[PDB]
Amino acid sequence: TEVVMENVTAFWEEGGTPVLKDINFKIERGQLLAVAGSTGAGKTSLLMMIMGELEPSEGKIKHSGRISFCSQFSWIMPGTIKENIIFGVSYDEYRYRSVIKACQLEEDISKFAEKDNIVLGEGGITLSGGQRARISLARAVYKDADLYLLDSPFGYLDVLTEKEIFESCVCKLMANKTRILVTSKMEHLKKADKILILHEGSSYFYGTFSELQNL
């Protein structure tokens, strides 16, 4: 197994109300877990626990190896679009090209005279919300890691573009990788190996899309 939570309860503030309550799941190596639930349900907090920023007050957690995290808040640092995606990782042309293709960024980049050397975050280009989101996703996917934590990475994208990038990037390009995707969309839950729906910190549902269909 690659990631396990067993009877996990946790608090952001001692004496407070629990942000996660008796959470249980298991992800095998290479599987996809979809994490869903309304605002404040605890989805980002669950990712923070995997990254060691929140410790459990009850229960056990298993995870090993390097993590790549994509925040639900897209961000850019001053530098080229290539520098933002590589972000200090060693460069490889094939790997880089495959990521920008999977994130539909080749279309955006081809329109600039400077191509991948277009400068972001320095007052020149003003990126759209969807461009910043796809760049942030590409940055997280380019990093080599054992576990990918993709926190609602499809911000500002229309539903067809989100569907296409879910398929090209999360399902195809990342097919061999252990993935946790915070998402609410039906196709993503249907394609996931497991689904965890959180509600006010509790497990609203844990299982497969097919199991939920049969209910």
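Rigid core (definition): largest C-alpha set, two forms, superposition within 1.5 Å. So that there is no doubt, residue numbering starts at 1 and follows the sequence shown.
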Which of 133-141 and 115-123 lies farther, on average, from the shown form in 8 other deposited structures of this protein once the rigid core is superposed (C-alpha RMS)?
115-123
Stretch 102-110 versus stretch 124-132: after rigid core alignment, which one is farther off in C-alpha RMS in 8 other deposited structures of this protein?
124-132
So 70-78 or 125-133, which one's hotter by mean CA B-factor in the entry?
125-133
On mean Cα temperature factor in this entry, is 135-143 or 115-123 the higher one?
115-123
Using the entry's values, work out which of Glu55, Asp151, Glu187, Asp158 has the largest Cα B factor.
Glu55
Ranked against its chain, the third holding the CA B-factor of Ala41:
middle
Entry-reported C-alpha B-factor of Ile50 relative to its chain, by third, is middle
For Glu83, the third of its chain into which the C-alpha B factor falls:
lowest
Compare the C-alpha B factor of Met174 with those of the other modelled residues in its chain, then answer lowest, middle or highest third.
middle
Going by the CA temperature factor in the PDB record, which third of the chain does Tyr94 belong to: lowest, middle or highest?
middle
